[PDB]
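To begin, one chain is listed below as structure tokens, in the form deposited in one PDB entry.
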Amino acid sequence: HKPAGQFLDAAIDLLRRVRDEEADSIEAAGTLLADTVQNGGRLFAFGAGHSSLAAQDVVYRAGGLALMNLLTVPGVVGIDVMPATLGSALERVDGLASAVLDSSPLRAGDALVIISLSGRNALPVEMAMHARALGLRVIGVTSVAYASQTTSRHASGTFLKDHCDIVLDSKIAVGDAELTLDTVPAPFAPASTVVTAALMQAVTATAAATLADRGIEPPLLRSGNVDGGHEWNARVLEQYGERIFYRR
């Protein structure tokens, strides 16, 4: 078959694995987010580089929770950095994650989602360890297969998944590459953003439904271009503005 359809089939199969193998962990994570909102805590999401894309996909998003904030490490917010190679170097800088966390409004009881495919670099591992040391609840979105087939690059020798309250397995095989061509020597075509974005949307949707089930109107963001959307968004900001950090 053609490369487009092989790649799309590989992404579909990964989404089936997530659906069929992570349904309980997704509900657990959604429940944790719901518990955090109900108990008055704050919600944050982080990833480095391309792992940042899934974190951004649930922040200030139509049909997403108004309460989800982005935790930003300058230089690794997407590949928005010059040179782009610096972003990869920053993932190995000990102390950066703690500088970001200590400066943030995150407190004990808050919930932080950490997206890291390999879970082996210093930044996301330190991110999780120090987050827990501050009393945060940590949800990891990580391919656990990496932990059994690679060595940690953190001084502790451990992986992201060793420091999460909840681990969501993003399934991607080591190498993040779904296609192989007889012509091409190296595998190519990564699906990890497809899968991590879908996984994150499932988690946040679950948290939103769980709050509804408890008789709590979920603070979802609405399109401005549907009547009442701006009225709705203003009420949510006024109700939850103290836990929303991307606007005032």
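Start at 1 and count along the sequence shown; that's the residue number. Residues that one form lacks are left out of the comparison. Think of the rigid core as the biggest set of C-alphas that the two forms share within 1.5 Å after superposition.
Separately, the form deposited in another entry exists; it is not shown, and the next lines address it.
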{"item": "Sole member of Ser223, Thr31, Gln38, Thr180 with a C-alpha shift of at least 2 Å between the shown form and the other one (core-superposed)", "value": "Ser223"}
{"item": "After fitting the core, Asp20 CA displacement of 2 Å or more between the shown form and the other one", "value": "no"}
{"item": "Rigid core superposed: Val236 CA moves 2 Å or more between the shown form and the other one", "value": "yes"}
{"item": "Cα-Cα shift for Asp227 and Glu217, closer or farther in the other entry, minimum 3 Å", "value": "farther"}
{"item": "Cα-Cα shift for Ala212 and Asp227, closer or farther in the other entry, minimum 3 Å", "value": "farther"}
{"item": "Segments displaced between the shown form and the other one (3 or more residues, each Cα shift of 2 Å or more, core-superposed)", "value": "223-239"}
